[PDB]
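Enquirer: One structure, pasted below without further comment.
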Amino acid sequence: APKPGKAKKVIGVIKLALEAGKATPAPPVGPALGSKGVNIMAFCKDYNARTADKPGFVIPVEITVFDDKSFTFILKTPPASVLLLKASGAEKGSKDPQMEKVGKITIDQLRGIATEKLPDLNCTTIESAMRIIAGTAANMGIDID
Amino acid sequence: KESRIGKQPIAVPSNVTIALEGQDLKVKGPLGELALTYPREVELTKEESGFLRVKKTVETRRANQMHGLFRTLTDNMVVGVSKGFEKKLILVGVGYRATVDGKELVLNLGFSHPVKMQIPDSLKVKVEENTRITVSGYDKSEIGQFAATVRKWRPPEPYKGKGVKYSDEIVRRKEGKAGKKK
Amino acid sequence: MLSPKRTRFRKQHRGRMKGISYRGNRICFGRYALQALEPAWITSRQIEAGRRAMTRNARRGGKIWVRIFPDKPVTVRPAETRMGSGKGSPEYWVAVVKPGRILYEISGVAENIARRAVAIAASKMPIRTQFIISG
Amino acid sequence: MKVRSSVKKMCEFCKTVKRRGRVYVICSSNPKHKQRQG
RNA sequence: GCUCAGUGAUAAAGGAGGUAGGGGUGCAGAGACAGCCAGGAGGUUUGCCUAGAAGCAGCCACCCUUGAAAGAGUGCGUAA
């Protein structure tokens, strides 16, 4: 494993898909990690604060509770799907992969997405990362130049 | 899948001495002495090297049924009269407890009357806690069979698992509630 | 041993399954195949329940071929005595499935997927079936 | 245990052992797989 | 020489390594198989649909990366 990171896992962690600046509503985040331990009142302020550096998309949040009332979380990179939708300028993917295409992306696009979304992909070289996300567009109906 | 036959060389330390005469090998040790009768058509001798030897008449598929059988009835007695065997029994549920009263053991598993279990020969029973029921024995058939009778009363129900269960027995707790739609 | 036919003046005698002489085909279409051992009166409700089952475990794949065709009609007596010959269409129609002849054929797929496919198809057949391959 | 004529194994957790001329199939996974005759 | 069924002194489709004989094939001390110990990862929480379904209702897709090994993947399970 040339890419360190293999540590302890499975410790009662919850993962959601909230949007940068969206966590105040009760119905949404409410039922989510509400009976775990973390207070619904908190997190929200500490969420839209760190995600304020780029409000406009969804950022993978990792919530991990403890034996106390406190809590900790880490900000990750957006899905390799939503990114291909932004570069292609489309709302949703296609209904039939390959059969129907919704948009197309250049090599520079797939390359830029692999870089921005690198500190989350388990790879070694750059030519790989790009090819890793390339297979994602081939599922939502998005051919590459 | 499954491989081929394989003998398990189990003899000496001389903590167990064998003495065969006629289709009846005798097993001794620091604990006690066991005896088992074996059918004919087979021979057995005590090698000078220090290993329980056993041979067969022919290489027929039926011979393996015998040779591969007596092979164990000669080793289970060895470790049985040396290392010994002790089974731990644990109970679950309120009101369930184990208490000894001499040579007999009494239990209370829902039954209106306290059931009693007698202790046979070549077998010993001890109860450290009202939840633990250990029973030391020499051989395996006795100590084992005596474990089925003490669990024959009321086994662990697939809802809460109460009554009598072997040590580290995964009864696999199953949800009793039904009708729910995933 | 039947397939979709067309309207016509069909209404003749019964017939009689003779020796294996006639039937004795081989494996032309498809990789593997399936033959019979003893002649019989295979109805349409059997071939249809066997064909759909052949592709029931596949769904969208290769193609099914039928190198057979029914002929010998089937007349049955209602419940009365015997005044004349039967109708010929009360229940259905059949033919003759003598041994040596080929029935179902599968190809364009793997060996395993084409093996279990014939299995269920054989269950639909009232007469015992023999599994083959090629050569 | 369901009688039936054709027992046949159910899941990979089936050993299908013949006992007293009667082929049985004990499954430690789901008792529903436990069949008698076959 | 086989059956050890009392089958032979009724009875099918089908099911089961109960069992004898003959031939051949795959893996195999660059050490296979059963068992024991450990790993079984990341994007993809994938697309579509759905109140929700993140291997595991269903439809389509089912490629790629890091490696000794690990399929967007079998069975159980959760409202998810």
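Enquirer: Could you list all residues from segment B:41-56 that are exposed (fewer than 13 other Cβ atoms within 10 Å of the Cβ) and of a type in the set (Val, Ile, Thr)?
Expert: B:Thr45 - this is the single residue of segment B:41-56 that is exposed (fewer than 13 other Cβ atoms within 10 Å of the Cβ) and of a type in the set (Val, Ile, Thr).
Enquirer: Let me confirm something: among C:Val96, C:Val76, C:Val109, which residue is in contact with a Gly (Cβ under 8 Å, 6 or more places away or on another chain), in a loop (DSSP other than H, G, I, E, B) and either without any contact (Cβ under 8 Å) to a residue 24 or more places away in the chain or among the acidic types (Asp, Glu) (or both)?
Expert: Testing whether each residue is in contact with a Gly (Cβ under 8 Å, 6 or more places away or on another chain), in a loop (DSSP other than H, G, I, E, B) and either without any contact (Cβ under 8 Å) to a residue 24 or more places away in the chain or among the acidic types (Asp, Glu) (or both) leaves just C:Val76.
Enquirer: Take the residues in segment A:130-145 that are farther than 14 Å from A:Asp108 by Cα and among the β-branched types (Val, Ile, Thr); name whichever of them is farthest from RNA strand E (Cβ to nearest atom).
Expert: A:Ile142
Enquirer: Something else now. Could you grab me the full set of residues in segment D:4-38 that are part of a loop (DSSP other than H, G, I, E, B) and either of a type in the set (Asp, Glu) or under 9 Å from the mean Cα position of the chain (by Cα) (or both)?
Expert: Those that are part of a loop (DSSP other than H, G, I, E, B) and either of a type in the set (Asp, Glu) or under 9 Å from the mean Cα position of the chain (by Cα) (or both): D:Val7, D:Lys8, D:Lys9, D:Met10, D:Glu12, D:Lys15, D:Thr16, D:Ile26, D:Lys34, D:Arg36, D:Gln37, D:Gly38.
Enquirer: Give me the pairs: first residue in segment B:158-182 and away from chain D (no Cβ under 14 Å), second residue within 16 Å of RNA strand E (Cβ to nearest atom), beta-carbon distance under 6 Å, and six or more apart or on different chains, which are they?
Expert: Matching pairs, first to second residue: B:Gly161/B:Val171; B:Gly176/B:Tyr159.
Enquirer: Here is a follow-up. Tell me which of these C:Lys63 doesn't satisfy, since it passes every other one: (1) loosely packed, with under 14 Cβ neighbours inside 10 Å; (2) within 22 Å of C:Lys11 (Cβ to Cβ).
Expert: With respect to (1) loosely packed, with under 14 Cβ neighbours inside 10 Å; (2) within 22 Å of C:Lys11 (Cβ to Cβ), C:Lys63 is out only on (2).
Enquirer: Check whether at least one residue in segment A:105-117 is without any contact (Cβ under 8 Å) to a residue 60 or more places away in the chain, near RNA strand E (Cβ under 7 Å from one of its atoms), on the phi < 0 side of the Ramachandran plot and more than 14 Å from chain C (Cβ to nearest Cβ), and report yes or no.
Expert: Pass one, segment A:105-117, residues without any contact (Cβ under 8 Å) to a residue 60 or more places away in the chain: A:105-117.
Applying the additional criterion that residues be near RNA strand E (Cβ under 7 Å from one of its atoms) yields A:117.
From the residues that got through so far, the ones that are on the phi < 0 side of the Ramachandran plot too are A:117.
Subset that is more than 14 Å from chain C (Cβ to nearest Cβ): A:117.
Within segment A:105-117, one or more residues are without any contact (Cβ under 8 Å) to a residue 60 or more places away in the chain, near RNA strand E (Cβ under 7 Å from one of its atoms), on the phi < 0 side of the Ramachandran plot and more than 14 Å from chain C (Cβ to nearest Cβ).
Enquirer: Here is a further query. Considering only segment C:116-124, I want to know if a residue exists there that is assigned to a loop (DSSP other than H, G, I, E, B), away from chain D (no Cβ under 14 Å) and in contact with a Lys or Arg (Cβ under 8 Å, 6 or more places away or on another chain).
Expert: no
Enquirer: How many residues are surrounded by 13 or more Cβ atoms within 10 Å (Cβ to Cβ) and assigned to a loop (DSSP other than H, G, I, E, B) if we restrict to segment B:1-40?
Expert: If we filter segment B:1-40 for residues that are surrounded by 13 or more Cβ atoms within 10 Å (Cβ to Cβ), which is where we start, we get B:7, B:10-12, B:15-18, B:20, B:23, B:25-29, B:31-34, B:36, B:38.
Filter again for assigned to a loop (DSSP other than H, G, I, E, B), leaving B:7, B:10-12, B:15-17, B:23, B:28-29, B:31-33, B:38.
Adding up the residues that qualify gives 14.
Enquirer: OK, next. Looking only at segment C:22-65, count how many residues are in contact (Cβ under 8 Å) with a residue 60 or more places away in the chain and assigned to a loop (DSSP other than H, G, I, E, B).
Expert: Here the count works out to 16.
Enquirer: Please find, among B:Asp121, B:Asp139, the residue that is assigned to a loop (DSSP other than H, G, I, E, B), out of contact with any strand residue (DSSP E or B) (no Cβ under 6 Å at 6 or more places or on another chain) and either buried (at least 17 other Cβ atoms within 10 Å of the Cβ) or more than 14 Å from chain D (Cβ to nearest Cβ) (or both).
Expert: B:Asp121
Enquirer: What do you reckon, is B:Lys1 within 14 Å of chain D (Cβ to nearest Cβ), free of Cβ contacts under 8 Å to residues at least 24 places away in the same chain and not β-branched (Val, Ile, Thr)?
Expert: yes
Enquirer: Still on this structure: How about segment B:1-17: which of its residues are within 19 Å of B:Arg61 (Cβ to Cβ), polar (S, T, N, Q) and touching a strand residue (DSSP E or B) at 6+ places or on another chain (Cβ under 9 Å)?
Expert: none
Enquirer: Name the single residue that is nearest to the other protein chains (Cβ to nearest Cβ) among those in segment A:118-136 being loosely packed, with under 12 Cβ neighbours inside 10 Å and part of a helix (DSSP H, G or I).
Expert: Checked segment A:118-136; the qualifying residue nearest to the other protein chains (Cβ to nearest Cβ) is A:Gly135.
Here is a yes/no grid of residues against (1) charged (D, E, K, R); (2) more than 30 Å from B:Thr131 (Cα to Cα):
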residue: B:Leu20; (1), (2): no, yes
residue: B:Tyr38; (1), (2): no, yes
residue: B:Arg53; (1), (2): yes, yes
residue: B:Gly84; (1), (2): no, no
residue: B:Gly95; (1), (2): no, no
residue: B:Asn108; (1), (2): no, no
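Enquirer: If a residue must be away from every other protein chain (no Cβ under 14 Å) and either more than 25 Å from B:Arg173 (Cα to Cα) or in contact (Cβ under 8 Å) with a residue 60 or more places away in the chain (or both), how many such residues does segment D:2-23 contain?
Expert: 9
Enquirer: One residue is enough: does segment A:118-129 have a residue meeting the conditions outside the structural domain of A:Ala32 (by CATH), closer than 26 Å to A:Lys22 by Cβ and within 9 Å of RNA strand E (Cβ to nearest atom)?
Expert: Yes; the residues of segment A:118-129 include at least one that is outside the structural domain of A:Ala32 (by CATH), closer than 26 Å to A:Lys22 by Cβ and within 9 Å of RNA strand E (Cβ to nearest atom).
Enquirer: How many residues does segment A:46-103 hold that are among the polar types (S, T, N, Q), outside any helix (DSSP H, G or I) and within 14 Å of RNA strand E (Cβ to nearest atom)?
Expert: 5
Enquirer: While we're looking at this one, here's another question. Would you confirm, using the coordinates I've provided, whether C:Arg56 is closer than 24 Å to C:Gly30 by Cβ, within 14 Å of another protein chain (Cβ to nearest Cβ) and among the charged types (D, E, K, R)?
Expert: Considered against the rule, which asks whether it is closer than 24 Å to C:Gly30 by Cβ, within 14 Å of another protein chain (Cβ to nearest Cβ) and among the charged types (D, E, K, R), C:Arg56 comes out as no.
All of this is worked out from the model, or read from it or from the source named; none is laboratory data. All Cβ positions, even for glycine, are placed from backbone atoms using ideal geometry, and neighbour counts span all protein chains on display.
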